[PDB]
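**Student:** Provided herewith is a single structure, encoded as structure tokens, for subsequent inquiry.
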Amino acid sequence: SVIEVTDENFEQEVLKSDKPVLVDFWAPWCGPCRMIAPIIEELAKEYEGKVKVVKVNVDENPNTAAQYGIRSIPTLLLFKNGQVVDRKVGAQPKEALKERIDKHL
Ligand SMILES: [Cl-]
């Protein structure tokens with residue numbers, strides 16, 4: 001239930017989403033990215049219908065990474081109707097993320 005998103009479809013999937021969007025920026029050789037991927041997976045399940053959860057491979061999608069100043073991975077952005085309302089980098093614990101997310105819903 002986590003949507004993998006590329007440069008090709010970022011605008012429709014994220015910017016034009018009717019629901020708030022959590023965007024997990026990641027790349028293949030990221031241990032910390034691997035650490036929170038199942039955490040990101042559970043979030044989509046628990047926020048289903050309320051928050052959309054997506055992932056973006058920064059290695060293969062450098063254009064979106066550049067547009068939103070992704071300086072490191074994993075980087076989590078919360079989108080609310082086309083704009084960034086929260087930002088968080090690093091492997092974050094699930095309940096801490098839900099705490100951060102809940103503040104913009
Ligand atoms: Cl991952």
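Ordered as shown in the structure tokens, chains take letters A, B, and onward, while each chain numbers its residues from 1 and ligands are numbered from 1 in the order shown.
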Could I get the residue neighbourhood of ligand 1 at 9 Å, counting only C-alpha atoms and all ligand atoms, as a PyMOL selection string?
**Tutor:** chain A and resi 24-38+40+55+57+74
**Student:** Excluding range 44-54 of chain A and its own-chain neighbours fewer than 2 positions away, which residues fall within 6 Å of it when counting only C-alpha atoms? Please give them as a PDB file with C-alpha atoms, in the first residue's frame.
**Tutor:**
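The file below, result37.pdb, is the result:
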```pdb
ATOM      1  CA  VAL A   2       3.112   2.155  -0.257  1.00  0.00           C
ATOM      2  CA  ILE A   3       3.378   3.754  -3.691  1.00  0.00           C
ATOM      3  CA  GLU A   4       6.825   3.871  -5.298  1.00  0.00           C
ATOM      4  CA  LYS A  19      -4.862  13.471   0.875  1.00  0.00           C
ATOM      5  CA  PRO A  20      -1.765  14.570   2.795  1.00  0.00           C
ATOM      6  CA  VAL A  21       1.332  12.735   1.535  1.00  0.00           C
ATOM      7  CA  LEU A  22       4.299  11.280   3.399  1.00  0.00           C
ATOM      8  CA  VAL A  23       7.278  10.978   1.061  1.00  0.00           C
ATOM      9  CA  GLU A  41       5.099   0.225   5.270  1.00  0.00           C
ATOM     10  CA  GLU A  42       3.118  -0.011   8.512  1.00  0.00           C
TER      11      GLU A  42
END
```
**Student:** Check the DSSP output for the backbone and give back, as a compact mmCIF listing (two decimals) with C-alpha atoms, in the first residue's frame, the residues of chain A in strand (DSSP E or B).
**Tutor:**
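Ended up saving to out.txt:
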```
# COMPACT_ATOMS: atom_id res chain seq x y z
CA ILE A 3 3.38 3.75 -3.69
CA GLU A 4 6.83 3.87 -5.30
CA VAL A 5 7.10 7.22 -7.08
CA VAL A 21 1.33 12.73 1.53
CA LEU A 22 4.30 11.28 3.40
CA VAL A 23 7.28 10.98 1.06
CA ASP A 24 10.17 8.67 1.96
CA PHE A 25 13.26 9.61 -0.03
CA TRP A 26 15.67 6.68 -0.28
CA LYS A 52 -0.98 8.72 1.44
CA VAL A 53 2.48 7.21 1.80
CA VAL A 54 5.00 7.17 -1.04
CA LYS A 55 8.68 6.42 -1.67
CA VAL A 56 11.18 8.01 -4.06
CA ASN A 57 14.49 6.50 -5.17
CA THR A 75 14.58 12.15 4.13
CA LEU A 76 10.88 12.32 4.94
CA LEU A 77 8.65 15.09 3.60
CA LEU A 78 5.02 15.65 4.52
CA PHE A 79 2.99 17.19 1.71
CA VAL A 84 5.82 20.88 2.22
CA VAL A 85 4.52 21.32 5.76
CA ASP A 86 7.10 19.16 7.54
CA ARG A 87 10.57 17.71 7.01
CA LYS A 88 12.52 14.98 8.78
CA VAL A 89 15.81 13.26 8.00
```
**Student:** What does the distance between CA of residue 97 in chain A and CA of residue 66 in chain A come to in Å, to one decimal place?
**Tutor:** 23.6 Å
**Student:** Using CA of residue 64 in chain A and CA of residue 13 in chain A as the two end points, give the distance in Å to one decimal.
**Tutor:**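 CA of residue 64 in chain A sits 12.6 Å away from CA of residue 13 in chain A.
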**Student:** Can you work out the spacing between CA of residue 67 in chain A and CA of residue 102 in chain A in Å, to one decimal?
**Tutor:** 25.2 Å
**Student:** Name the closest residue to residue 103 in chain A among the candidates A:6, A:43, A:80, A:18; distances are taken between atoms, counting only C-alpha atoms.
**Tutor:**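 Closest to residue 103 in chain A, using only C-alpha atoms: A:80.
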**Student:** Based on DSSP run over this structure's backbone, return all residues of chain A in alpha helix (DSSP H), as number ranges by chain.
**Tutor:** A: 10, 31-46, 62-67, 94-102
**Student:** Would you mind exporting N, CA and C atoms of the selected residues as a tab-separated table (two decimals), in the first residue's frame?
**Tutor:**
```tsv
chain	number	residue	atom	x	y	z
A	10	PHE	N	5.60	12.08	-10.09
A	10	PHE	CA	5.61	12.74	-8.79
A	10	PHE	C	4.50	13.78	-8.67
A	31	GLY	N	21.40	1.60	4.37
A	31	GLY	CA	21.07	0.81	5.54
A	31	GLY	C	19.97	1.41	6.40
A	32	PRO	N	20.12	2.68	6.81
A	32	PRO	CA	19.05	3.38	7.52
A	32	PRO	C	17.74	3.44	6.73
A	33	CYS	N	17.83	3.56	5.41
A	33	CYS	CA	16.64	3.53	4.56
A	33	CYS	C	15.94	2.18	4.70
A	34	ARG	N	16.75	1.12	4.75
A	34	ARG	CA	16.27	-0.24	4.94
A	34	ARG	C	15.63	-0.41	6.32
A	35	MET	N	16.13	0.34	7.30
A	35	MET	CA	15.67	0.20	8.67
A	35	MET	C	14.24	0.70	8.85
A	36	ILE	N	13.86	1.73	8.10
A	36	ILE	CA	12.56	2.35	8.28
A	36	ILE	C	11.56	2.00	7.19
A	37	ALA	N	12.00	1.27	6.17
A	37	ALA	CA	11.10	0.84	5.10
A	37	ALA	C	9.92	0.02	5.64
A	38	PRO	N	10.17	-0.96	6.54
A	38	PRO	CA	9.00	-1.63	7.11
A	38	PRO	C	8.19	-0.72	8.03
A	39	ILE	N	8.85	0.26	8.64
A	39	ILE	CA	8.15	1.24	9.46
A	39	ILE	C	7.27	2.12	8.57
A	40	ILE	N	7.82	2.52	7.43
A	40	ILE	CA	7.08	3.27	6.43
A	40	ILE	C	5.91	2.44	5.90
A	41	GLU	N	6.13	1.13	5.76
A	41	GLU	CA	5.10	0.23	5.27
A	41	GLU	C	3.90	0.15	6.22
A	42	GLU	N	4.18	0.06	7.52
A	42	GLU	CA	3.12	-0.01	8.51
A	42	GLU	C	2.34	1.30	8.61
A	43	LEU	N	3.02	2.41	8.34
A	43	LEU	CA	2.38	3.72	8.40
A	43	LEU	C	1.26	3.85	7.38
A	44	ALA	N	1.51	3.36	6.17
A	44	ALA	CA	0.52	3.41	5.10
A	44	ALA	C	-0.71	2.60	5.48
A	45	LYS	N	-0.48	1.49	6.16
A	45	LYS	CA	-1.56	0.63	6.61
A	45	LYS	C	-2.39	1.32	7.69
A	46	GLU	N	-1.71	2.01	8.60
A	46	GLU	CA	-2.37	2.63	9.74
A	46	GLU	C	-2.97	4.00	9.42
A	62	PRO	N	16.76	12.01	-9.76
A	62	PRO	CA	17.56	13.14	-9.27
A	62	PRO	C	16.83	14.47	-9.40
A	63	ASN	N	15.85	14.53	-10.29
A	63	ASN	CA	15.14	15.77	-10.56
A	63	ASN	C	14.26	16.20	-9.39
A	64	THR	N	13.51	15.25	-8.84
A	64	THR	CA	12.67	15.53	-7.69
A	64	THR	C	13.52	15.82	-6.45
A	65	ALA	N	14.62	15.09	-6.33
A	65	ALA	CA	15.55	15.28	-5.22
A	65	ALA	C	16.09	16.71	-5.20
A	66	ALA	N	16.44	17.21	-6.38
A	66	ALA	CA	16.98	18.55	-6.52
A	66	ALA	C	15.94	19.62	-6.21
A	67	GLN	N	14.71	19.41	-6.69
A	67	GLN	CA	13.64	20.39	-6.51
A	67	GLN	C	13.26	20.60	-5.05
A	94	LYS	N	8.87	4.74	14.51
A	94	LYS	CA	7.50	4.81	14.03
A	94	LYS	C	6.59	5.76	14.81
A	95	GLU	N	6.59	5.63	16.14
A	95	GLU	CA	5.71	6.45	16.97
A	95	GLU	C	6.15	7.92	16.97
A	96	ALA	N	7.45	8.15	16.80
A	96	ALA	CA	7.96	9.51	16.71
A	96	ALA	C	7.50	10.17	15.41
A	97	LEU	N	7.46	9.39	14.34
A	97	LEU	CA	6.98	9.89	13.05
A	97	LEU	C	5.50	10.20	13.11
A	98	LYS	N	4.72	9.28	13.67
A	98	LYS	CA	3.29	9.48	13.83
A	98	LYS	C	3.02	10.73	14.65
A	99	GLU	N	3.89	11.00	15.61
A	99	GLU	CA	3.78	12.21	16.42
A	99	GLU	C	4.00	13.44	15.55
A	100	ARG	N	5.02	13.38	14.71
A	100	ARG	CA	5.34	14.48	13.80
A	100	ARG	C	4.26	14.65	12.74
A	101	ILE	N	3.80	13.53	12.19
A	101	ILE	CA	2.75	13.56	11.18
A	101	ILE	C	1.45	14.13	11.73
A	102	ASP	N	1.01	13.60	12.87
A	102	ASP	CA	-0.26	14.00	13.49
A	102	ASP	C	-0.43	15.51	13.66
```
**Student:** Identify which of the residues A:15, A:68, A:104, A:58 lies closest to residue 81 in chain A, counting only C-alpha atoms when measuring atom-to-atom distances.
**Tutor:** A:15
